[PDB]
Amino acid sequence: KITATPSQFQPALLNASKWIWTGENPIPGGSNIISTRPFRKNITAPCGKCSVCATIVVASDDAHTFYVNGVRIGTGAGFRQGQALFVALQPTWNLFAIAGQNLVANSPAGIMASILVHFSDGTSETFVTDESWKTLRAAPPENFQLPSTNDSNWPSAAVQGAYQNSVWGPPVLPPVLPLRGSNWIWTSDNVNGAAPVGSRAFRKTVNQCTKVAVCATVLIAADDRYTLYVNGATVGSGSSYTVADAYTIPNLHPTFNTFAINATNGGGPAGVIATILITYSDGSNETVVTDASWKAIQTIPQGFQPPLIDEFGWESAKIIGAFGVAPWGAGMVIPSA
C-alpha cells in the first residue's frame, strides 16, 4: 500500500559506498589479472515497509553488467563518472548481482554502487557495495545472477577503497536523465524563433495494458515556466530554461498514466522539454521524450490535465529543435542521479 506521493527527485550518492573486488590481490587498488568476477547481495526491506523501486548509481574499473532479481538492468564501464539505472523492486527482498570485468593486465579492479530504495510509505534508504557482498575468485557460474543460485559458501567481497580514499578518486554522478534525445516542443504558432505571449498545454499518455508500471522519474524545463501534472495531480512547477527540475512519481497507475504540462511564454522564444523514465514490475523500463507524439493546444481548456478528456482539436506538438539548438544551447544544469 503506497502512501508516497510525487516529490522532488532525491539523488543517489556514492559518498557512503565502497569499491569491491575479490581480494585475489590482498593489496586494495593493487594489480589484478584480466578476469570477470561475480558479486551478489540479497537486501531485505526493514520491518513493515515495502520496497517499491530504486535509483542506482554504479561505476566500474573496467566494466559491469547489473542484474536485479535475475533481470539484466544495464551494462556500463568506467570509474570517472557513474551510470544511472532505475528499477522496480519486489516488496520484501531483492537480489542485486553484478558481473565486473578487469580488462587491463596488472591494473586495479573494482565495482562501486549505491542503491537508493524508495519504500511504500515515502521513506528511502541507501544500500552500497561493501564487504557484506558475496563474490567468487573465479569466472561467474552460469546463472550466478538468479535468486535460485545458493551463495551461502561464496567468500566475502574485499574492499578496494572508499569514495574519498581510493586509487580511483570520487566518481562524478551522471545526470538523473539525459536531455540529449529529447526535443523542445511547442504549439505550431512558434515560428521564426519566437512564439506569442501566453499559456499552452501538452499531453502524453503511456498505456502498456499488458505490463505493470511502478515509478516514473521526470526531468523537465521550460522557456519561460511550466506546471506538471500526472493523472490530474500536481507534481510541480518551474520557471527556468537554464536549470531543469527532476521529480519522482512513486505511485503510478499500473497500466495508464497521463502527463500534462501547462507551459507559459513571457515573450520571445518558447519551448518545453522533458525526459520520462517509467519502470515496470518485470525489470524493464521505457523512456518517453518531448516529441511530435505529444498533443498540444493553444487555448487551454478546463480539465486539460484529467487523464481521459477528449483530445479532439489538440494538434501534434511542433518540434522547435532537438536538445542543443539555439537559443537555449546544451548547458542545461541537470540534477545528479
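In this text, residue numbers run from 1 along the sequence as written.
Taking the mean C-alpha B-factor of each stretch as recorded, 185-193 and 216-224 are not equal, and the higher mean is that of 185-193.
Look at the mean CA B-factor for 304-312 and for 52-60 in the entry; the higher one is 304-312. You'll see in the entry that, of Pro250, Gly78, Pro170, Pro175, the Cα B factor peaks at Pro170. Highest CA B-factor among the listed residues (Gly161, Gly82, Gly267, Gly100): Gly267. Among the modelled residues of its chain, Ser166 has a C-alpha B-factor that falls in the lowest third, as given in the PDB entry.
The deposited CA B-factor of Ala337 belongs to the middle third of values across its chain.
Sort the modelled residues of the chain by CA B factor and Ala45 lands in the highest third. The entry lists a Cα temperature factor for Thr129 that places it in the lowest third of the chain's modelled residues. Sorting the modelled residues of the chain by their CA temperature factor places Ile27 in the lowest third.
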